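To start, the structure itself, in structure tokens.
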Amino acid sequence: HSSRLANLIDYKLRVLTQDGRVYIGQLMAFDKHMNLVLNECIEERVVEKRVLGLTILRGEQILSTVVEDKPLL
Amino acid sequence: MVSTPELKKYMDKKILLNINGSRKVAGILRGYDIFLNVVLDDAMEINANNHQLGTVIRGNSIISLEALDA
Amino acid sequence: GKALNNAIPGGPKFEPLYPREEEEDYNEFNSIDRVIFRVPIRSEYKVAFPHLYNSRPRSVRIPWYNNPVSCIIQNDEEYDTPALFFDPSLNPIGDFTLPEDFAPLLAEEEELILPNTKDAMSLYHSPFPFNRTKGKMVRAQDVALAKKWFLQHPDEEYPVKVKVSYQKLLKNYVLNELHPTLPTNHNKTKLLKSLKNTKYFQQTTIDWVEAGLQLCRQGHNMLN
Amino acid sequence: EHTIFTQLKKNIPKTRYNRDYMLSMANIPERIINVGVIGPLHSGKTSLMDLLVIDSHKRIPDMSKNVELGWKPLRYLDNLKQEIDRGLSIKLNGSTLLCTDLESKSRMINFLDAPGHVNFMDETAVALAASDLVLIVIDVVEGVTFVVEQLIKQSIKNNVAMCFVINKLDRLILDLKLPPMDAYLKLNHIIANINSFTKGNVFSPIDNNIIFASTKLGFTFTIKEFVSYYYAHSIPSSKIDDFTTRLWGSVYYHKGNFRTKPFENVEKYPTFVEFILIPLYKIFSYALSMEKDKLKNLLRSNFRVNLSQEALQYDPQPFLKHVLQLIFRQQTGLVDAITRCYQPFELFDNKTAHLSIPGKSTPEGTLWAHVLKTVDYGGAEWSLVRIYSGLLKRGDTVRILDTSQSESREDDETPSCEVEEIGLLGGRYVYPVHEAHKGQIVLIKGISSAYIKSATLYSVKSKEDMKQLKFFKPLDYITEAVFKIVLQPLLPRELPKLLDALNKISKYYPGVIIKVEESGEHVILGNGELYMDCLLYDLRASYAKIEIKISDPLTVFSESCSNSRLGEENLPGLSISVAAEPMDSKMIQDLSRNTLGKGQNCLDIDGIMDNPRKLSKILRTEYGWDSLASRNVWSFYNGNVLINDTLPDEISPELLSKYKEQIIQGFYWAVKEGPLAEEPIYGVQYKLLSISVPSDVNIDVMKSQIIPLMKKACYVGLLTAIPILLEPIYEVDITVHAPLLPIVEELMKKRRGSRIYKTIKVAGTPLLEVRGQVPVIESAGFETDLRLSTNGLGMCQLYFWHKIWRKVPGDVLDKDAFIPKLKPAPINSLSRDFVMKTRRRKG
Amino acid sequence: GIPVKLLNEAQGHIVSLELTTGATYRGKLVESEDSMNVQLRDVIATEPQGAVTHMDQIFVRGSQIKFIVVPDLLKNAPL
RNA sequence: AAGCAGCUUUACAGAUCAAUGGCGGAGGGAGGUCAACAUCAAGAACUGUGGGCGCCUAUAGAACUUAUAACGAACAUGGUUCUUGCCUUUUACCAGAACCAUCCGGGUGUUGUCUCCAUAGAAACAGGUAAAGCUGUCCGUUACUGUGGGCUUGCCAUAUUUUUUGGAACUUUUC
Ligand SMILES: Nc1nc2c(ncn2[C@@H]2O[C@H](COP(=O)(O)OP(=O)(O)OP(=O)(O)O)[C@@H](O)[C@H]2O)c(=O)[nH]1
Ligand SMILES: [Mg+2]
């Protein structure tokens, strides 16, 4: 399948992980394991922030997905 | 799958392993596995009381593997 | 060969193109006492390596060298032999199984050989006109059929009479190639296209012979 | 700075991967790579680099409508006027190219396109000392001949990985019209015959060390490739990797199952033939013969390809190429094997150790680099270097040294030059570069002045690091020049300009030896006719504008003998007695071969620095050598071996140990010259029979005394030894058709030696490989004679290997035999002739 | 899959990562895998406490990795 | 490579039957042994002019390169200046060079026609250049359904160690 997942490509996303942390940024690449690649990333541990850059998450680590904004030009 | 790891360069050399439960071991590297199961000889615990034993460590457990001397 | 005044035994001879051979000097460089004498130094060497076996070459073009020496085989006698056939000239020289459905993708046709593939692979090596299936139109006098005959070797058996003809045709070919024109005329529209115009002319169809006879009577009447 | 880059990017025809990600990949040492490309004449090297470049740039300005349809093969990396007009690669030229792979992980690669001609083998060596691995390109029709033998031999000797590419398979099917079963047997014969000459490693299509390509039609194959892009879609992925193993090697699958049994049941073909060769021949016979409407159905059904009617209108050939490049995409299969075949840890230490000596200290933390080729680009001249360590940047002050000055091994030791600009070699273009990183081959401006031929380059901030660093050995060229010509300018007032040009030649041409004589005549030593013809054209056109006079082709000779000594000093306190001996052919051949003595090979004499018990062990072991003589071996020459044999060696060993260095310098001085022609001596052994020294020696024994006395004693010792005159001999590789074999024979009979060493039926083709030997003095115009006499069928390559010097049959000194002038001399005395002729030049 | 190839492409550069352990490791990456094994050098670990250390050579299991942090030029790479 | 679903269309019954949005259309096709008018080897880069918003496009001039790739897989004549024979000279020539011309041809663009052929139409209106739906309006199906076609698709199906059949669950103290 994975028809829905291609539709999300190049949107700013809000990704909750099993740790509780939440990553944010655009989606460049996607997998069958739900490995996500994200551009210009920012964790929000919680009144907190950090700048990382390019982040590659595993499938084990990811909980939920949610669009923050529309696809950028 | 089953990428037989690059442990050829560690064979017949001393090691400083770390395992799950913060327990660690020294030994001569005899043989290795697909899943990274290890064969160590002249095995010594690091509790700081060092007990000589003479060992097959499981793959899952392993965190890492070091070299004492360059 | 023209510029160096040294010609191939079967090629044309020209004038010198450089007037003065006059300088002849012995010297510590030139002296026959200091020069080892072996090999004839044939003129073919002077042409084949114009900057080496020839001193002071001028207006000389760099020659082509060593094509791969193609092996291509062809059968002129019996066409019944297949397209892929080993020719007499050639030196003698329980684990895992998958379903039976798959095959070589392109193998669904039994034989690769076709009736047209032997003539087709025979057309793959052909001179310019034939190897191309699409081209443009040329006047009948543009196409030169005999041009290929005098570019070749006279070989042996022929008499000297036709060989000298080979050399002459070669000479005319070389002169025709060496001095091109490359004219560019945007200005002129055909004497006939601008000529037919207005009153004094009319256009029709006629047999060729009748046109010849008409033209003959015209010439006679005009010279008279 | 930035501006210059703004004008220079406009010349560069950009790229699909642009410059930023490729320049970004340069930091990691394990990333990128360096690779050379070698092979015989016209193997598809330059056209293969053509393939990689057309897979590189999106818009190339040079394409005519003709080359894009591919009627005339496009040549990238042949820039020069000589390379285009002659039709062959002359000077090596590379391309820096980022290549992806099947793993999708891209790496920068530095490609080096070497010429395929034998006279240019020198520059291939320049690519050997540069490349990490080499692609040897073989003609499936030509198979492997002696030059491929000596290429895989030199390759495996220089510690570089080897990839084999079998090219021109379209010439196998289309020209020769072999059936599948015979073509598989042909490729297999080529693979067995390339494996026979390799020791320790066996290749096979399955091991991804052999690549099946056609550069004209522009396709490239590895079995993992053609399996991955197509058969991996059809059947599950766990079975494919063991399917590749079950492709090659006699395996036969009947229906859905494979059994190595002979072919039992009925319809029988091998797996490689069934899944690869047959569908390929189908691609050709269908592309040419079949109605174009029918082919679309096979493309969509099988390969999932659709074509416009514009693609259906070309001609047979350019449509065939469009179909092949169409079906088999941009070439990552070549980059896969190039990525797999070279592991830097296993080879690299042996390769750098083979030059810089195995001892290494001060790792990283230092700028360390090796200059190989001085290249002529549009502007000026440029330095091609490989970067072993350190970082380069514009304007950096850099230390420079020359390979001979390194042969010699603080203040006064350092010439230095700043690096003006560093480009990456873009073939026809050059890409501007800020900074140069470890491992990449780059071009530099401003370094050329300090060196000729190879150079050693470094920057060291420490004294101990200055002590531990070891320079690159002089690059060993593949052939000795041997081809002698005497130039003069036509107007002597123009002598200086010619001089300048000659120096330039020695820079851009690594194999040329320029020698100035007493009379001002300029002797040029070069590999062959064609090579020195390129020399002369670049000399009359590009560099010097002067019209010059050229002499008759000649050659360098040597001196030897076939078997006592009284000598007297100019101040008669010294006496020298030196015996002269011929040498064993096995000893000569072992000396001429340069080796470290690895394996069972006889040790080369250059390893004399090792314990003389080891050298004596080699001499006694191999040759049954005398134990005393073996321990009394002193050195080697510029030339043969030197030993001390006499009782006064036992009487006064120390007094002689004071004069050893005098003898060893004045000796190299002596045999570097010669008594007859003032030419070097070959295969002559010397032993010192007696030495007599003045009494009490008050500054009495001196170099100005012992040296010319030892020299004279060696000369007259060679005279009393029945000396002989020596001529070098090319080994001749001829490719002819069978019915033309007698002509060639007569040709040999017509020249001089008339020696054919072997005659070999070339399996699968109507070609004879004829190996032979020709005198170099007679080698003039031999190739043209062979080519004309055979009416364009056949071919000749004259290569200089084993460096054998054969005796000249003429009597060595006889004033009686010589015949009148302007007549080629008789076969009886050719020694007296050549000797006298060189004599009256020397004086 | 692309999420693995990006990793292989950052071999050579310096990488940061997080494990189920809780600690983050930083160093030059030498080899990777489709499993998500890793092989690094000159690593500078930093646990939950803040405790720094040095590890000469390391192998990992992917299963144990949470997520990686990769250099910036690796966003223009081809997908 | 079958079927299912998704996508694109489609003969369509359709929602709307509005504002929309998409693709095409606001000047047809092929062929003239039809003519007129301009040009005409290709490419990077320098200078000037004009148009549009420092950039882009067109034209002219100069230099460099390509094998002068072949406006023509053809090649014919003349003039001038030189060098060769001439003894005559005229006609003509002999056989090389260089600079010019002339002649037989070609393709490209554009304009006006001619013959054969095509069916919607919205081919309707207004703006200008050297050019055109170039622009604005505009209209044909139509932007959301079901029947019918094609694919660019699912990537093709793994509960036992490196991701999707869990080592989770639970408690307590510190700030
Ligand atoms: N028939 C055939 N000939 C090929 C093919 N590939 C290369 N060639 C030959 O290669 C020649 C041109 O290739 P180039 O790359 O220019 O020659 P080269 O291999 O560089 O030769 P060097 O410059 O001497 O190394 C042609 O004359 C072809 O005969 C092929 O697929 N089929
Ligand atoms: Mg080449």
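Taking the range D:242-262, which residues are at the interface with chain C (Cβ under 8 Å from one of its Cβ atoms) and touching a helix residue (DSSP H, G or I) at 6+ places or on another chain (Cβ under 9 Å)?
The answer is D:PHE258, and nothing else.
Take D:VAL266 and tell me if it is within 12 Å of chain C (Cβ to nearest Cβ), of a type outside the set (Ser, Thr, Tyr) and at negative phi.
Working: within 12 Å of chain C (Cβ to nearest Cβ): no; of a type outside the set (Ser, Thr, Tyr): yes; at negative phi: yes.
Here the answer is no, as D:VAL266 does not meet what is asked.
With the checklist (1) crowded, with 18+ Cβ neighbours inside 10 Å; (2) at the interface with another protein chain (Cβ under 7 Å from one of its Cβ atoms) in hand, flag the one item E:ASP72 doesn't pass.
(1)
What is the one condition in (1) more than 9 Å from chain C (Cβ to nearest Cβ); (2) surrounded by 12 or more Cβ atoms within 10 Å (Cβ to Cβ); (3) away from RNA strand F (no atom under 12 Å from the Cβ) that D:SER308 does not satisfy?
Every condition holds for D:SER308 apart from (2).
Does A:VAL47 satisfy the condition of being more than 7 Å from chain E (Cβ to nearest Cβ) and under 15 Å from A:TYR11 (Cβ atoms)? Steps first, answer last, please.
Numbers: more than 7 Å from chain E (Cβ to nearest Cβ): yes; under 15 Å from A:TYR11 (Cβ atoms): no.
No.
Considering every residue within the range D:97-107, establish whether at least one is at positive phi, hydroxyl-bearing (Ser, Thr, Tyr) and more than 16 Å from ligand 2 (Cβ to nearest atom). Write out each step before concluding.
Taking the range D:97-107 first, the residues at positive phi are D:104.
Next, only the ones that are hydroxyl-bearing (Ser, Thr, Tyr) stay: D:104.
Next cut, more than 16 Å from ligand 2 (Cβ to nearest atom) only: D:104.
Checking the range D:97-107: at least one residue is at positive phi, hydroxyl-bearing (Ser, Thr, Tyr) and more than 16 Å from ligand 2 (Cβ to nearest atom).
Would you be able to say whether some residue in the range D:184-198 is assigned to a helix (DSSP H, G or I) and of a type in the set (D, E, K, R)?
If we filter the range D:184-198 for residues that are assigned to a helix (DSSP H, G or I), which is where we start, we get D:184-196.
Now narrow it down to the ones that are of a type in the set (D, E, K, R): D:186.
Checked against the condition, which is being assigned to a helix (DSSP H, G or I) and of a type in the set (D, E, K, R), the range D:184-198 yields at least one hit.
Exactly one condition in (1) facing chain D (nearest Cβ under 8 Å); (2) in a loop (DSSP other than H, G, I, E, B) is not met by C:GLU44; state its number.
The failed condition is (2).
From D:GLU68, D:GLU83, grab the single residue that is within 10 Å of ligand 1 (Cβ to nearest atom) and of a type in the set (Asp, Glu). Steps first, please.
Numbers: D:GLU68 fails: within 10 Å of ligand 1 (Cβ to nearest atom).
After applying the criteria, what remains is D:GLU83.
Where in the range D:65-181 are the strands (runs of 3 or more DSSP E), entirely inside, with at least 2 residues that are more than 20 Å from the chain's Cα centre (by Cα)? Working first, answer last.
Values: elements: D:93-99, D:107-113, D:133-139, D:161-167.
Output list reads D:93-99, D:107-113.
For the range D:38-46, check the following and say yes or no: at least one residue is under 17 Å from D:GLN325 (Cα atoms) and buried (at least 21 other Cβ atoms within 10 Å of the Cβ).
Initially, the range D:38-46 is screened for residues under 17 Å from D:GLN325 (Cα atoms), giving D:44.
Narrowing further to those that are buried (at least 21 other Cβ atoms within 10 Å of the Cβ): D:44.
Yes, that holds for at least one residue.
Tell me, please, whether a residue that is more than 14 Å from RNA strand F (Cβ to nearest atom) and within 14 Å of chain D (Cβ to nearest Cβ) can be found in the range C:124-137. Before you say what the answer is, go through the steps one by one.
Here is the first cut: in the range C:124-137, the ones more than 14 Å from RNA strand F (Cβ to nearest atom) are C:124.
Then drop every residue that is not within 14 Å of chain D (Cβ to nearest Cβ), which leaves C:124.
Yes.
For the range B:20-70, give me the residue count where each residue is more than 16 Å from RNA strand F (Cβ to nearest atom), within 13 Å of chain E (Cβ to nearest Cβ) and among the small types (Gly, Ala, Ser).
Selection size over the range B:20-70: 2.
List the number of the failed condition for D:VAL512; all other conditions in (1) more than 12 Å from chain C (Cβ to nearest Cβ); (2) surrounded by fewer than 20 Cβ atoms within 10 Å (Cβ to Cβ) hold.
(2)
Being of a type in the set (A, V, I, L, M), under 20 Å from E:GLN57 (Cβ atoms) and either within 16 Å of ligand 1 (Cβ to nearest atom) or assigned to a loop (DSSP other than H, G, I, E, B) (or both) is the filter here; which residues of the range B:1-33 pass it?
Across the range B:1-33, the qualifying residues are B:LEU7, B:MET11.
May I ask you to list pairs of residues, at least six apart or on different chains, whose Cβ atoms are under 7 Å apart, with the first in the range D:70-88 being more than 12 Å from chain C (Cβ to nearest Cβ) and over 20 Å from D:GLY39 (Cα atoms) and the second being in a helix (DSSP H, G or I) and near RNA strand F (Cβ under 10 Å from one of its atoms)?
D:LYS72/D:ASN66
May I ask you to verify whether C:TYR65 is surrounded by fewer than 18 Cβ atoms within 10 Å (Cβ to Cβ), at the interface with chain D (Cβ under 7 Å from one of its Cβ atoms), of a type outside the set (A, V, I, L, M, F, W, C) and out of contact with any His (no Cβ under 8 Å at 6 or more places or on another chain)?
Numbers: surrounded by fewer than 18 Cβ atoms within 10 Å (Cβ to Cβ): yes; at the interface with chain D (Cβ under 7 Å from one of its Cβ atoms): yes; of a type outside the set (A, V, I, L, M, F, W, C): yes; out of contact with any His (no Cβ under 8 Å at 6 or more places or on another chain): yes.
Considered against the rule, which asks whether it is surrounded by fewer than 18 Cβ atoms within 10 Å (Cβ to Cβ), at the interface with chain D (Cβ under 7 Å from one of its Cβ atoms), of a type outside the set (A, V, I, L, M, F, W, C) and out of contact with any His (no Cβ under 8 Å at 6 or more places or on another chain), C:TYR65 comes out as yes.
Hey, can you tell me all the residues within the range D:149-195 that are within 11 Å of another protein chain (Cβ to nearest Cβ) and of a type in the set (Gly, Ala, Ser)?
D:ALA183
Against the definition (part of a loop (DSSP other than H, G, I, E, B), away from every other protein chain (no Cβ under 14 Å) and in contact with a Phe, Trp or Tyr (Cβ under 8 Å, 6 or more places away or on another chain)), how does D:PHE203 come out, yes or no?
Working: part of a loop (DSSP other than H, G, I, E, B): yes; away from every other protein chain (no Cβ under 14 Å): yes; in contact with a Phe, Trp or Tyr (Cβ under 8 Å, 6 or more places away or on another chain): yes.
It is true that D:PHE203 is part of a loop (DSSP other than H, G, I, E, B), away from every other protein chain (no Cβ under 14 Å) and in contact with a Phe, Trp or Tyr (Cβ under 8 Å, 6 or more places away or on another chain).
Any idea which of D:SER56, D:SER47 is within 30 Å of D:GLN343 (Cβ to Cβ) and within 12 Å of ligand 2 (Cβ to nearest atom)? Spell out the reasoning first.
Working: D:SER56 fails: within 12 Å of ligand 2 (Cβ to nearest atom).
Answer to the check: D:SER47.
If I filter the range D:828-843 down to residues being closer than 18 Å to D:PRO723 by Cα and assigned to a loop (DSSP other than H, G, I, E, B), which single residue comes out as nearest to the other protein chains (Cβ to nearest Cβ)? Show your work before the answer.
Narrowing the range D:828-843 to residues closer than 18 Å to D:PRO723 by Cα: D:828-839.
If we keep only those that are assigned to a loop (DSSP other than H, G, I, E, B) as well, we get D:828-830.
Details: D:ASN828: 14, D:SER829: 13, D:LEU830: 9 Å.
Among those that are closer than 18 Å to D:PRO723 by Cα and assigned to a loop (DSSP other than H, G, I, E, B), it is D:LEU830.
Is it the case that D:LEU615 is assigned to a helix (DSSP H, G or I), within 30 Å of D:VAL701 (Cβ to Cβ) and within 33 Å of the chain's Cα centre (by Cα)? Steps first, please.
On the way: assigned to a helix (DSSP H, G or I): yes; within 30 Å of D:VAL701 (Cβ to Cβ): yes; within 33 Å of the chain's Cα centre (by Cα): yes.
When the stated conditions are applied, D:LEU615 passes them.
List every residue pair whose Cβ atoms lie under 6 Å apart, where the two residues are 6 or more positions apart in sequence or sit on different chains, the first residue falls within the range D:35-60 and is within 14 Å of another protein chain (Cβ to nearest Cβ) and at positive phi, and the second residue, located anywhere, is within 11 Å of ligand 2 (Cβ to nearest atom) and not charged (D, E, K, R).
D:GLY39/D:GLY116; D:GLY39/D:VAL137; D:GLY44/D:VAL137; D:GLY44/D:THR215
Being buried (at least 18 other Cβ atoms within 10 Å of the Cβ) and more than 8 Å from chain C (Cβ to nearest Cβ) is the filter here; which residues of the range D:786-800 pass it?
D:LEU786, D:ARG787, D:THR790, D:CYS796, D:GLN797, D:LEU798, D:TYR799, D:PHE800
Determine which member of the set D:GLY218, D:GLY249 is away from RNA strand F (no atom under 16 Å from the Cβ), in the same structural domain as D:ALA183 (by CATH) and of a type in the set (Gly, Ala, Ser). So that I can check it myself, show each step before the final result.
On the way: D:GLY249 fails: in the same structural domain as D:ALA183 (by CATH).
Sole residue among the options that is away from RNA strand F (no atom under 16 Å from the Cβ), in the same structural domain as D:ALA183 (by CATH) and of a type in the set (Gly, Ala, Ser): D:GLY218.
This table checks each residue for (1) within 14 Å of chain C (Cβ to nearest Cβ); (2) in a loop (DSSP other than H, G, I, E, B).
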residue	(1), (2)
D:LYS761	yes, no
D:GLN773	no, no
D:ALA780	yes, yes
D:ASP811	no, yes
D:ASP816	no, yes
D:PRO826	yes, yes
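Given the criteria outside any helix (DSSP H, G or I) and out of contact with any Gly (no Cβ under 8 Å at 6 or more places or on another chain), does D:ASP590 qualify?
no
Looking for something more than 30 Å from C:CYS71 (Cβ to Cβ), of a type in the set (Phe, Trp, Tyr) and within 26 Å of the chain's Cα centre (by Cα) - is there at least one such residue anywhere in the range D:721-743?
Checked against the condition, which is being more than 30 Å from C:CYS71 (Cβ to Cβ), of a type in the set (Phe, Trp, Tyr) and within 26 Å of the chain's Cα centre (by Cα), the range D:721-743 yields no hits at all.
Restricting to helices (runs of 4 or more DSSP H) lying wholly in the range C:127-224: which have 1 or more residues that are among the hydroxyl-bearing types (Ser, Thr, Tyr)? Before the answer, list the steps.
Numbers: elements: C:128-131, C:160-178, C:208-223.
Here the list reads C:160-178.
List pairs: first residue in the range D:107-132 and away from chain C (no Cβ under 14 Å), second residue of a type in the set (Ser, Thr, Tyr) and within 11 Å of ligand 1 (Cβ to nearest atom) anywhere in the structure, Cβ distance under 6 angstrom, at least six positions apart or on different chains.
If the second residue must be of a type in the set (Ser, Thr, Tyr) and within 11 Å of ligand 1 (Cβ to nearest atom), the pairs left are D:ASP113/D:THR46; D:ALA114/D:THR124.
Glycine also receives a Cβ, built like all others from the backbone with ideal geometry; neighbour counts cover every protein chain displayed. The values are calculated or read from the model by the stated rules, or taken from the named source; nothing here is a laboratory result.
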